[PDB]
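See below for model_27.pdb, which holds PDB, C-alpha atoms (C1' of nucleotides).
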```
MODEL        1
ATOM      1  CA  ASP Z   2      25.259   9.320 -16.341  1.00  0.00           C
ATOM      2  CA  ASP Z   3      24.869   6.167 -18.441  1.00  0.00           C
ATOM      3  CA  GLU Z   4      26.080   3.967 -15.569  1.00  0.00           C
ATOM      4  CA  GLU Z   5      23.644   5.738 -13.236  1.00  0.00           C
ATOM      5  CA  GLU Z   6      20.746   5.135 -15.618  1.00  0.00           C
ATOM      6  CA  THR Z   7      21.749   1.474 -16.036  1.00  0.00           C
ATOM      7  CA  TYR Z   8      21.694   1.176 -12.240  1.00  0.00           C
ATOM      8  CA  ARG Z   9      18.288   2.877 -12.301  1.00  0.00           C
ATOM      9  CA  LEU Z  10      16.911   0.296 -14.743  1.00  0.00           C
ATOM     10  CA  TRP Z  11      18.344  -2.618 -12.748  1.00  0.00           C
ATOM     11  CA  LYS Z  12      16.956  -1.320  -9.449  1.00  0.00           C
ATOM     12  CA  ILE Z  13      13.523  -0.644 -10.923  1.00  0.00           C
ATOM     13  CA  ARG Z  14      13.470  -4.163 -12.403  1.00  0.00           C
ATOM     14  CA  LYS Z  15      14.329  -5.555  -8.957  1.00  0.00           C
ATOM     15  CA  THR Z  16      11.468  -3.543  -7.455  1.00  0.00           C
ATOM     16  CA  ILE Z  17       9.086  -4.874 -10.130  1.00  0.00           C
ATOM     17  CA  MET Z  18      10.174  -8.433  -9.302  1.00  0.00           C
ATOM     18  CA  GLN Z  19       9.613  -7.866  -5.577  1.00  0.00           C
ATOM     19  CA  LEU Z  20       6.199  -6.309  -6.279  1.00  0.00           C
ATOM     20  CA  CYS Z  21       5.177  -9.232  -8.496  1.00  0.00           C
ATOM     21  CA  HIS Z  22       6.316 -11.698  -5.834  1.00  0.00           C
ATOM     22  CA  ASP Z  23       4.402  -9.859  -3.105  1.00  0.00           C
ATOM     23  CA  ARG Z  24       1.256  -9.695  -5.249  1.00  0.00           C
ATOM     24  CA  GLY Z  25       1.207 -13.504  -5.453  1.00  0.00           C
ATOM     25  CA  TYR Z  26       2.572 -14.077  -8.954  1.00  0.00           C
ATOM     26  CA  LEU Z  27       5.289 -16.547  -9.922  1.00  0.00           C
ATOM     27  CA  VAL Z  28       8.859 -15.251 -10.195  1.00  0.00           C
ATOM     28  CA  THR Z  29      12.113 -17.176 -10.222  1.00  0.00           C
ATOM     29  CA  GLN Z  30      14.643 -16.813  -7.419  1.00  0.00           C
ATOM     30  CA  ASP Z  31      17.464 -15.695  -9.724  1.00  0.00           C
ATOM     31  CA  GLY Z  32      15.025 -13.206 -11.219  1.00  0.00           C
ATOM     32  CA  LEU Z  33      14.455 -11.946  -7.681  1.00  0.00           C
ATOM     33  CA  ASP Z  34      18.191 -11.466  -7.014  1.00  0.00           C
ATOM     34  CA  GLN Z  35      20.008 -10.108 -10.077  1.00  0.00           C
ATOM     35  CA  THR Z  36      23.260  -8.217  -9.631  1.00  0.00           C
ATOM     36  CA  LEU Z  37      24.297  -5.151 -11.616  1.00  0.00           C
ATOM     37  CA  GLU Z  38      26.927  -7.108 -13.561  1.00  0.00           C
ATOM     38  CA  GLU Z  39      24.480  -9.933 -14.309  1.00  0.00           C
ATOM     39  CA  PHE Z  40      21.817  -7.455 -15.450  1.00  0.00           C
ATOM     40  CA  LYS Z  41      24.363  -5.696 -17.675  1.00  0.00           C
ATOM     41  CA  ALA Z  42      25.418  -9.033 -19.172  1.00  0.00           C
ATOM     42  CA  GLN Z  43      21.794 -10.041 -19.769  1.00  0.00           C
ATOM     43  CA  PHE Z  44      20.399  -6.817 -21.241  1.00  0.00           C
ATOM     44  CA  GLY Z  45      23.307  -4.598 -22.312  1.00  0.00           C
ATOM     45  CA  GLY Z  46      25.822  -2.258 -20.728  1.00  0.00           C
ATOM     46  CA  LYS Z  47      25.084   1.098 -22.364  1.00  0.00           C
ATOM     47  CA  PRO Z  48      21.348   1.795 -22.808  1.00  0.00           C
ATOM     48  CA  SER Z  49      21.743   5.166 -24.522  1.00  0.00           C
ATOM     49  CA  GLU Z  50      22.135   4.460 -28.284  1.00  0.00           C
ATOM     50  CA  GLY Z  51      22.543   0.809 -27.277  1.00  0.00           C
ATOM     51  CA  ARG Z  52      20.878  -2.536 -26.657  1.00  0.00           C
ATOM     52  CA  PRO Z  53      18.531  -2.043 -23.613  1.00  0.00           C
ATOM     53  CA  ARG Z  54      16.036   0.388 -25.130  1.00  0.00           C
ATOM     54  CA  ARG Z  55      13.252   0.168 -22.454  1.00  0.00           C
ATOM     55  CA  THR Z  56      11.207  -2.064 -24.806  1.00  0.00           C
ATOM     56  CA  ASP Z  57      12.842  -5.447 -24.120  1.00  0.00           C
ATOM     57  CA  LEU Z  58      12.295  -5.063 -20.345  1.00  0.00           C
ATOM     58  CA  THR Z  59       8.656  -6.210 -20.384  1.00  0.00           C
ATOM     59  CA  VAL Z  60       8.004  -9.163 -18.078  1.00  0.00           C
ATOM     60  CA  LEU Z  61       5.595 -12.080 -18.429  1.00  0.00           C
ATOM     61  CA  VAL Z  62       4.355 -13.344 -15.058  1.00  0.00           C
ATOM     62  CA  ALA Z  63       1.422 -15.548 -14.107  1.00  0.00           C
ATOM     63  CA  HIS Z  64      -0.402 -16.220 -10.860  1.00  0.00           C
ATOM     64  CA  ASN Z  65       0.511 -19.170  -8.659  1.00  0.00           C
ATOM     65  CA  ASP Z  66      -3.025 -20.569  -8.468  1.00  0.00           C
ATOM     66  CA  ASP Z  67      -4.070 -19.769 -12.051  1.00  0.00           C
ATOM     67  CA  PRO Z  68      -1.546 -20.007 -14.927  1.00  0.00           C
ATOM     68  CA  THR Z  69      -3.823 -17.877 -17.152  1.00  0.00           C
ATOM     69  CA  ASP Z  70      -3.819 -14.669 -15.087  1.00  0.00           C
ATOM     70  CA  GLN Z  71      -0.909 -13.432 -17.236  1.00  0.00           C
ATOM     71  CA  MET Z  72       0.044 -10.001 -15.927  1.00  0.00           C
ATOM     72  CA  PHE Z  73       2.544  -7.872 -17.859  1.00  0.00           C
ATOM     73  CA  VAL Z  74       4.545  -4.747 -17.104  1.00  0.00           C
ATOM     74  CA  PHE Z  75       5.361  -2.064 -19.657  1.00  0.00           C
ATOM     75  CA  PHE Z  76       8.081   0.584 -19.857  1.00  0.00           C
ATOM     76  CA  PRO Z  77       6.969   3.324 -22.279  1.00  0.00           C
ATOM     77  CA  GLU Z  78       9.534   5.043 -24.461  1.00  0.00           C
ATOM     78  CA  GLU Z  79       8.360   8.646 -24.177  1.00  0.00           C
ATOM     79  CA  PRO Z  80       8.527  10.437 -20.806  1.00  0.00           C
ATOM     80  CA  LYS Z  81       5.033  11.917 -21.292  1.00  0.00           C
ATOM     81  CA  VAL Z  82       2.769   8.911 -21.806  1.00  0.00           C
ATOM     82  CA  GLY Z  83      -0.309   9.834 -23.811  1.00  0.00           C
ATOM     83  CA  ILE Z  84      -3.541   8.467 -25.253  1.00  0.00           C
ATOM     84  CA  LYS Z  85      -1.741   7.218 -28.374  1.00  0.00           C
ATOM     85  CA  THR Z  86       0.808   5.190 -26.388  1.00  0.00           C
ATOM     86  CA  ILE Z  87      -1.838   3.866 -23.989  1.00  0.00           C
ATOM     87  CA  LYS Z  88      -4.078   2.921 -26.932  1.00  0.00           C
ATOM     88  CA  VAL Z  89      -1.169   1.024 -28.512  1.00  0.00           C
ATOM     89  CA  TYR Z  90      -0.494  -0.768 -25.214  1.00  0.00           C
ATOM     90  CA  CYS Z  91      -4.182  -1.609 -24.711  1.00  0.00           C
ATOM     91  CA  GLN Z  92      -4.578  -2.876 -28.276  1.00  0.00           C
ATOM     92  CA  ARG Z  93      -1.516  -5.097 -27.711  1.00  0.00           C
ATOM     93  CA  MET Z  94      -3.162  -6.208 -24.467  1.00  0.00           C
ATOM     94  CA  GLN Z  95      -6.155  -7.118 -26.625  1.00  0.00           C
ATOM     95  CA  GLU Z  96      -4.371  -9.449 -29.068  1.00  0.00           C
ATOM     96  CA  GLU Z  97      -2.357 -11.245 -26.409  1.00  0.00           C
ATOM     97  CA  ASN Z  98      -5.665 -11.334 -24.464  1.00  0.00           C
ATOM     98  CA  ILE Z  99      -4.485 -10.384 -20.972  1.00  0.00           C
ATOM     99  CA  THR Z 100      -6.402  -8.337 -18.418  1.00  0.00           C
ATOM    100  CA  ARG Z 101      -3.905  -6.643 -16.079  1.00  0.00           C
ATOM    101  CA  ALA Z 102      -0.814  -4.533 -16.713  1.00  0.00           C
ATOM    102  CA  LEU Z 103       1.559  -2.038 -15.109  1.00  0.00           C
ATOM    103  CA  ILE Z 104       2.833   1.126 -16.789  1.00  0.00           C
ATOM    104  CA  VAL Z 105       6.156   2.512 -15.544  1.00  0.00           C
ATOM    105  CA  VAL Z 106       6.100   6.155 -16.593  1.00  0.00           C
ATOM    106  CA  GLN Z 107       9.369   8.105 -16.651  1.00  0.00           C
ATOM    107  CA  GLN Z 108       8.052  11.346 -15.140  1.00  0.00           C
ATOM    108  CA  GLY Z 109       4.308  11.696 -15.688  1.00  0.00           C
ATOM    109  CA  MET Z 110       1.462  11.043 -18.077  1.00  0.00           C
ATOM    110  CA  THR Z 111      -1.115  13.481 -19.388  1.00  0.00           C
ATOM    111  CA  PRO Z 112      -4.405  14.035 -17.502  1.00  0.00           C
ATOM    112  CA  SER Z 113      -6.346  12.813 -20.540  1.00  0.00           C
ATOM    113  CA  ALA Z 114      -4.288   9.605 -20.480  1.00  0.00           C
ATOM    114  CA  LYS Z 115      -4.796   9.070 -16.749  1.00  0.00           C
ATOM    115  CA  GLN Z 116      -8.524   9.635 -17.282  1.00  0.00           C
ATOM    116  CA  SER Z 117      -8.489   7.098 -20.132  1.00  0.00           C
ATOM    117  CA  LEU Z 118      -7.005   4.636 -17.642  1.00  0.00           C
ATOM    118  CA  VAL Z 119     -10.134   5.137 -15.520  1.00  0.00           C
ATOM    119  CA  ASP Z 120     -12.410   4.818 -18.561  1.00  0.00           C
ATOM    120  CA  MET Z 121     -10.707   1.568 -19.600  1.00  0.00           C
ATOM    121  CA  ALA Z 122     -10.816   0.170 -16.045  1.00  0.00           C
ATOM    122  CA  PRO Z 123     -13.620  -2.506 -16.080  1.00  0.00           C
ATOM    123  CA  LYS Z 124     -12.374  -4.725 -18.916  1.00  0.00           C
ATOM    124  CA  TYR Z 125      -8.645  -4.065 -18.402  1.00  0.00           C
ATOM    125  CA  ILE Z 126      -6.806  -3.082 -15.221  1.00  0.00           C
ATOM    126  CA  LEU Z 127      -4.255  -0.318 -15.812  1.00  0.00           C
ATOM    127  CA  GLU Z 128      -2.053   1.102 -13.058  1.00  0.00           C
ATOM    128  CA  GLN Z 129       0.207   4.151 -13.276  1.00  0.00           C
ATOM    129  CA  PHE Z 130       3.631   3.955 -11.645  1.00  0.00           C
ATOM    130  CA  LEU Z 131       6.299   6.635 -11.717  1.00  0.00           C
ATOM    131  CA  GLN Z 132       9.953   5.753 -12.172  1.00  0.00           C
ATOM    132  CA  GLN Z 133      10.754   7.764  -9.039  1.00  0.00           C
ATOM    133  CA  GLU Z 134       8.266   5.755  -6.951  1.00  0.00           C
ATOM    134  CA  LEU Z 135       9.666   2.373  -7.989  1.00  0.00           C
ATOM    135  CA  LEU Z 136      13.315   3.258  -7.385  1.00  0.00           C
ATOM    136  CA  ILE Z 137      12.982   1.764  -3.887  1.00  0.00           C
ATOM    137  CA  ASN Z 138      10.770  -0.795  -2.139  1.00  0.00           C
ATOM    138  CA  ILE Z 139       8.658   1.019   0.442  1.00  0.00           C
ATOM    139  CA  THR Z 140       7.687  -2.208   2.230  1.00  0.00           C
ATOM    140  CA  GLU Z 141      11.269  -2.634   3.477  1.00  0.00           C
ATOM    141  CA  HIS Z 142      11.135   0.599   5.489  1.00  0.00           C
ATOM    142  CA  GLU Z 143      11.159   0.280   9.266  1.00  0.00           C
ATOM    143  CA  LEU Z 144       8.097   2.525   9.575  1.00  0.00           C
ATOM    144  CA  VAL Z 145       5.974   0.415   7.209  1.00  0.00           C
ATOM    145  CA  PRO Z 146       4.582  -2.724   8.890  1.00  0.00           C
ATOM    146  CA  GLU Z 147       3.568  -5.961   7.202  1.00  0.00           C
ATOM    147  CA  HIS Z 148       0.445  -5.820   5.024  1.00  0.00           C
ATOM    148  CA  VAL Z 149      -1.493  -9.002   4.216  1.00  0.00           C
ATOM    149  CA  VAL Z 150      -4.337  -9.058   1.698  1.00  0.00           C
ATOM    150  CA  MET Z 151      -7.369 -10.913   3.046  1.00  0.00           C
ATOM    151  CA  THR Z 152      -9.634 -13.204   1.057  1.00  0.00           C
ATOM    152  CA  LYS Z 153     -13.409 -12.785   0.904  1.00  0.00           C
ATOM    153  CA  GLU Z 154     -14.069 -15.809   3.127  1.00  0.00           C
ATOM    154  CA  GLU Z 155     -11.611 -14.477   5.715  1.00  0.00           C
ATOM    155  CA  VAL Z 156     -13.307 -11.062   5.622  1.00  0.00           C
ATOM    156  CA  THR Z 157     -16.728 -12.688   6.062  1.00  0.00           C
ATOM    157  CA  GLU Z 158     -15.440 -14.741   9.006  1.00  0.00           C
ATOM    158  CA  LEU Z 159     -13.916 -11.592  10.539  1.00  0.00           C
ATOM    159  CA  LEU Z 160     -17.154  -9.618  10.242  1.00  0.00           C
ATOM    160  CA  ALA Z 161     -19.115 -12.545  11.678  1.00  0.00           C
ATOM    161  CA  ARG Z 162     -16.691 -12.936  14.592  1.00  0.00           C
ATOM    162  CA  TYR Z 163     -16.568  -9.284  15.635  1.00  0.00           C
ATOM    163  CA  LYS Z 164     -20.213  -8.614  14.606  1.00  0.00           C
ATOM    164  CA  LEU Z 165     -19.148  -5.608  12.542  1.00  0.00           C
ATOM    165  CA  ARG Z 166     -20.333  -3.842   9.434  1.00  0.00           C
ATOM    166  CA  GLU Z 167     -17.920  -2.725   6.734  1.00  0.00           C
ATOM    167  CA  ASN Z 168     -18.439   0.936   7.665  1.00  0.00           C
ATOM    168  CA  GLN Z 169     -17.184   0.443  11.225  1.00  0.00           C
ATOM    169  CA  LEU Z 170     -13.722  -0.745  10.171  1.00  0.00           C
ATOM    170  CA  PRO Z 171     -10.782   1.647   9.843  1.00  0.00           C
ATOM    171  CA  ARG Z 172     -10.132   2.795   6.305  1.00  0.00           C
ATOM    172  CA  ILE Z 173      -7.241   3.106   3.868  1.00  0.00           C
ATOM    173  CA  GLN Z 174      -7.405   5.053   0.616  1.00  0.00           C
ATOM    174  CA  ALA Z 175      -6.909   3.405  -2.762  1.00  0.00           C
ATOM    175  CA  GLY Z 176      -4.255   6.021  -3.570  1.00  0.00           C
ATOM    176  CA  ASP Z 177      -2.129   4.949  -0.607  1.00  0.00           C
ATOM    177  CA  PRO Z 178       1.420   3.928  -1.629  1.00  0.00           C
ATOM    178  CA  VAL Z 179       1.089   0.495   0.008  1.00  0.00           C
ATOM    179  CA  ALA Z 180      -2.354   0.067  -1.568  1.00  0.00           C
ATOM    180  CA  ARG Z 181      -0.927   0.832  -5.009  1.00  0.00           C
ATOM    181  CA  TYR Z 182       2.050  -1.444  -4.295  1.00  0.00           C
ATOM    182  CA  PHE Z 183      -0.258  -4.374  -3.580  1.00  0.00           C
ATOM    183  CA  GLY Z 184      -2.681  -3.379  -6.341  1.00  0.00           C
ATOM    184  CA  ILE Z 185      -5.635  -3.515  -3.969  1.00  0.00           C
ATOM    185  CA  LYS Z 186      -9.032  -2.191  -5.043  1.00  0.00           C
ATOM    186  CA  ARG Z 187     -12.159  -0.802  -3.420  1.00  0.00           C
ATOM    187  CA  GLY Z 188     -14.045  -3.097  -1.057  1.00  0.00           C
ATOM    188  CA  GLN Z 189     -11.109  -5.311  -0.063  1.00  0.00           C
ATOM    189  CA  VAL Z 190      -9.714  -5.542   3.467  1.00  0.00           C
ATOM    190  CA  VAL Z 191      -5.979  -5.406   4.193  1.00  0.00           C
ATOM    191  CA  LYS Z 192      -4.589  -6.933   7.393  1.00  0.00           C
ATOM    192  CA  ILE Z 193      -1.768  -5.129   9.210  1.00  0.00           C
ATOM    193  CA  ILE Z 194       0.490  -6.936  11.692  1.00  0.00           C
ATOM    194  CA  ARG Z 195       2.772  -4.654  13.685  1.00  0.00           C
ATOM    195  CA  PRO Z 196       4.910  -5.025  16.812  1.00  0.00           C
ATOM    196  CA  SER Z 197       3.440  -3.560  19.981  1.00  0.00           C
ATOM    197  CA  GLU Z 198       5.242  -1.814  22.822  1.00  0.00           C
ATOM    198  CA  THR Z 199       2.708  -2.981  25.419  1.00  0.00           C
ATOM    199  CA  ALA Z 200       1.361  -6.297  24.089  1.00  0.00           C
ATOM    200  CA  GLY Z 201       4.123  -7.450  21.741  1.00  0.00           C
ATOM    201  CA  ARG Z 202       1.968  -8.007  18.663  1.00  0.00           C
ATOM    202  CA  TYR Z 203      -1.139  -6.203  17.426  1.00  0.00           C
ATOM    203  CA  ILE Z 204      -3.280  -6.929  14.363  1.00  0.00           C
ATOM    204  CA  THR Z 205      -5.251  -4.169  12.630  1.00  0.00           C
ATOM    205  CA  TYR Z 206      -7.742  -4.544   9.777  1.00  0.00           C
ATOM    206  CA  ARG Z 207      -8.317  -1.742   7.270  1.00  0.00           C
ATOM    207  CA  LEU Z 208     -10.968  -1.470   4.558  1.00  0.00           C
ATOM    208  CA  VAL Z 209      -9.936  -0.076   1.172  1.00  0.00           C
ATOM    209  CA  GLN Z 210     -12.755   2.398   0.560  1.00  0.00           C
TER
ATOM    210  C1'  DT V   1      -6.249  10.180 -47.710  1.00  0.00           C
ATOM    211  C1'  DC V   2      -3.862  12.875 -44.751  1.00  0.00           C
ATOM    212  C1'  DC V   3      -0.940  16.967 -42.578  1.00  0.00           C
ATOM    213  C1'  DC V   4      -1.499  21.643 -39.800  1.00  0.00           C
ATOM    214  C1'  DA V   5      -3.446  25.534 -37.543  1.00  0.00           C
ATOM    215  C1'  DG V   6      -7.019  26.845 -34.606  1.00  0.00           C
ATOM    216  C1'  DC V   7     -10.398  25.941 -30.815  1.00  0.00           C
ATOM    217  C1'  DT V   8     -11.523  23.169 -26.423  1.00  0.00           C
ATOM    218  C1'  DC V   9     -10.625  21.596 -21.880  1.00  0.00           C
ATOM    219  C1'  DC V  10      -8.247  20.182 -17.496  1.00  0.00           C
ATOM    220  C1'  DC V  11      -4.604  21.057 -14.279  1.00  0.00           C
ATOM    221  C1'  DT V  12      -1.531  24.167 -11.689  1.00  0.00           C
ATOM    222  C1'  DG V  13      -0.418  28.268  -9.308  1.00  0.00           C
ATOM    223  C1'  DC V  14      -1.775  32.346  -6.961  1.00  0.00           C
ATOM    224  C1'  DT V  15      -4.713  35.771  -4.401  1.00  0.00           C
ATOM    225  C1'  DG V  16      -8.418  37.148  -1.383  1.00  0.00           C
ATOM    226  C1'  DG V  17     -11.675  35.900   2.384  1.00  0.00           C
ATOM    227  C1'  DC V  18     -13.178  33.879   6.863  1.00  0.00           C
ATOM    228  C1'  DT V  19     -12.588  32.039  11.712  1.00  0.00           C
ATOM    229  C1'  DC V  20     -10.094  31.444  15.685  1.00  0.00           C
ATOM    230  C1'  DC V  21      -7.268  33.019  19.899  1.00  0.00           C
ATOM    231  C1'  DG V  22      -6.945  29.558  28.902  1.00  0.00           C
ATOM    232  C1'  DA V  23     -10.133  28.763  33.165  1.00  0.00           C
ATOM    233  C1'  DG V  24     -12.336  30.980  37.248  1.00  0.00           C
ATOM    234  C1'  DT V  25     -13.198  35.331  40.621  1.00  0.00           C
ATOM    235  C1'  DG V  26     -13.672  40.203  43.360  1.00  0.00           C
ATOM    236  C1'  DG V  27     -14.331  45.455  43.007  1.00  0.00           C
ATOM    237  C1'  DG V  28     -15.116  50.148  40.445  1.00  0.00           C
ATOM    238  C1'  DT V  29     -17.134  53.565  36.764  1.00  0.00           C
ATOM    239  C1'  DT V  30     -20.434  55.739  32.914  1.00  0.00           C
ATOM    240  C1'  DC V  31     -24.756  55.063  29.993  1.00  0.00           C
ATOM    241  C1'  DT V  32     -29.262  54.093  29.056  1.00  0.00           C
ATOM    242  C1'  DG V  33     -30.669  60.211  22.174  1.00  0.00           C
ATOM    243  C1'  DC V  34     -31.865  64.813  21.434  1.00  0.00           C
ATOM    244  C1'  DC V  35     -33.336  68.830  18.818  1.00  0.00           C
ATOM    245  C1'  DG V  36     -37.491  70.213  17.340  1.00  0.00           C
ATOM    246  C1'  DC V  37     -42.106  71.207  15.862  1.00  0.00           C
ATOM    247  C1'  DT V  38     -46.492  70.355  15.494  1.00  0.00           C
ATOM    248  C1'  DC V  39     -49.846  69.343  19.053  1.00  0.00           C
ATOM    249  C1'  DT V  40     -52.639  69.940  23.300  1.00  0.00           C
ATOM    250  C1'  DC V  41     -54.516  72.734  28.056  1.00  0.00           C
TER
ENDMDL
END
```
This entry written out as structure tokens:
Amino acid sequence: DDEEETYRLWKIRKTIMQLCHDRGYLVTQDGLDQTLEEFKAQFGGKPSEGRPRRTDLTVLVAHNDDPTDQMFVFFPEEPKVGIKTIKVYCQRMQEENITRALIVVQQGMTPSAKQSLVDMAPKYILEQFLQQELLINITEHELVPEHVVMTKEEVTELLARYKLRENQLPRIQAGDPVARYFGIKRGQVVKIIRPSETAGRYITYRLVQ
DNA sequence: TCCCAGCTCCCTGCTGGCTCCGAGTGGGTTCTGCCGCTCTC
């Protein structure tokens, strides 16, 4: 229904705000907690043949340390995102001169488009996200523990302390849902803190490789 | 210059093939080619 799809847009915007906050970017508190009525007042009440048309939902955020990181998110119109739409989005990325973006696909993009995302990867970072994936925050589940992204100096200090190579660490795939949530890439180490039945707290390090 | 119809290419779904199947132990049995045809005494 129209009310259901309005709820869907509000919830997915809340998940985008939580993801951008967890990735280290700057979001406002009221942007973090928007109600359904407040979202409807801000963007429109009936999106079908109405005001919120999935184009005005793009978000400008910047990193806390660097105000020129300038990450956007995009909500494509068509359910099947293709090379034409991705080329339009990347050309737009070129004139506003930003490097990183998120694409929130309705159902799925074409294999040629998802390959073009890999081909465009060095200069511009493009990530595919389904609307079904972002309908809930997976980091709030009781099974999922806390994930902390480590800096390069911290990783170097860790490997010097334990006298380890990068191969000897446990691994996590780049296609992992938490890895895609944090936007981690190959070669980085994620730090997992979980409660322990026997010791109380246990810390595990995993290499994204 | 540009709009279609036709060819190209990657993913998805399905079918056929291959490997595996508890640890020890004590007895017993049958079977270890055979018909033949040239060859040798």
key: Residues of chain Z within 10 Å of chain V, all atoms listed in the file counted, as a ChimeraX atom specification   = /Z:111-113
Keeping C-alpha atoms, export the residues of the selection given above as a PDB file, in the coordinates of the input.
```pdb
ATOM      1  CA  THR Z 111      -1.115  13.481 -19.388  1.00  0.00           C
ATOM      2  CA  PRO Z 112      -4.405  14.035 -17.502  1.00  0.00           C
ATOM      3  CA  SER Z 113      -6.346  12.813 -20.540  1.00  0.00           C
TER       4      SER Z 113
END
```
note = A straight line from CA of residue 106 (chain Z) to CA of residue 133 (chain Z) spans 9.0 Å
Close residues, region 114-128 of chain Z itself excluded, 9 Å, only C-alpha atoms (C1' of nucleotides), min 6 positions apart in chain, as a short mmCIF file (atom, residue, chain, number, x, y, z; two decimals) with C-alpha atoms, in the coordinates of the input:
```cif
data_model
loop_
_atom_site.label_atom_id
_atom_site.label_comp_id
_atom_site.auth_asym_id
_atom_site.auth_seq_id
_atom_site.Cartn_x
_atom_site.Cartn_y
_atom_site.Cartn_z
CA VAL Z 82 2.77 8.91 -21.81
CA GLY Z 83 -0.31 9.83 -23.81
CA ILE Z 84 -3.54 8.47 -25.25
CA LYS Z 85 -1.74 7.22 -28.37
CA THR Z 86 0.81 5.19 -26.39
CA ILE Z 87 -1.84 3.87 -23.99
CA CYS Z 91 -4.18 -1.61 -24.71
CA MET Z 94 -3.16 -6.21 -24.47
CA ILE Z 99 -4.49 -10.38 -20.97
CA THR Z 100 -6.40 -8.34 -18.42
CA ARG Z 101 -3.90 -6.64 -16.08
CA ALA Z 102 -0.81 -4.53 -16.71
CA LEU Z 103 1.56 -2.04 -15.11
CA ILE Z 104 2.83 1.13 -16.79
CA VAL Z 105 6.16 2.51 -15.54
CA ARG Z 181 -0.93 0.83 -5.01
CA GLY Z 184 -2.68 -3.38 -6.34
#
```
key: Residue neighbourhood region 56-65 of chain Z, 7 Å, only C-alpha atoms (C1' of nucleotides), exclusion window fewer than 5 positions, as a list in words   =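 So, after excluding close chain neighbours, the residues are residues 25, 26, 27, 28, 70, 71, 72, 73, 74, 75 and 76 of chain Z.
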message = Counting only C-alpha atoms (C1' of nucleotides), find residues at most 10 Å from (-1.1, -1.3, -5.9) (file frame) and give them as JSON, numbers by chain.
response = {"Z": [20, 24, 103, 128, 129, 130, 175, 176, 177, 178, 179, 180, 181, 182, 183, 184, 185, 186]}
inquiry  = As an exercise, work out the distance from CA of residue 88 (chain Z) to CA of residue 107 (chain Z) in Å and give it to one decimal place.
reply    =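 Interatomic distance here is 17.7 Å.
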Centre, edges in Å (one decimal): axis-aligned box, region 87-103 of chain Z, 3 Å padding on all six sides, as JSON:
```
{"center_x": -2.4, "center_y": -3.7, "center_z": -22.1, "size_x": 14.0, "size_y": 21.2, "size_z": 20.0}
```
request  = Evaluate the PyMOL selection byres ((chain Z and resi 156) around 12) on the structure here and hand back the selected residues as an MDAnalysis selection string.
outcome  = chainID Z and resid 150:155 157:167 170 188:192 206:208
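One finds CA of residue 132 (chain Z) at 16.1 Å from CA of residue 48 (chain Z).
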Quick one: everything within 12 Å of residue 42 (chain Z), counting only C-alpha atoms (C1' of nucleotides), minus sequence neighbours fewer than 4 positions away in the same chain. Send it as a PDB file with C-alpha atoms, in the coordinates of the input.
```
ATOM      1  CA  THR Z   7      21.749   1.474 -16.036  1.00  0.00           C
ATOM      2  CA  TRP Z  11      18.344  -2.618 -12.748  1.00  0.00           C
ATOM      3  CA  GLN Z  35      20.008 -10.108 -10.077  1.00  0.00           C
ATOM      4  CA  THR Z  36      23.260  -8.217  -9.631  1.00  0.00           C
ATOM      5  CA  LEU Z  37      24.297  -5.151 -11.616  1.00  0.00           C
ATOM      6  CA  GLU Z  38      26.927  -7.108 -13.561  1.00  0.00           C
ATOM      7  CA  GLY Z  46      25.822  -2.258 -20.728  1.00  0.00           C
ATOM      8  CA  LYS Z  47      25.084   1.098 -22.364  1.00  0.00           C
ATOM      9  CA  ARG Z  52      20.878  -2.536 -26.657  1.00  0.00           C
ATOM     10  CA  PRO Z  53      18.531  -2.043 -23.613  1.00  0.00           C
TER      11      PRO Z  53
END
```
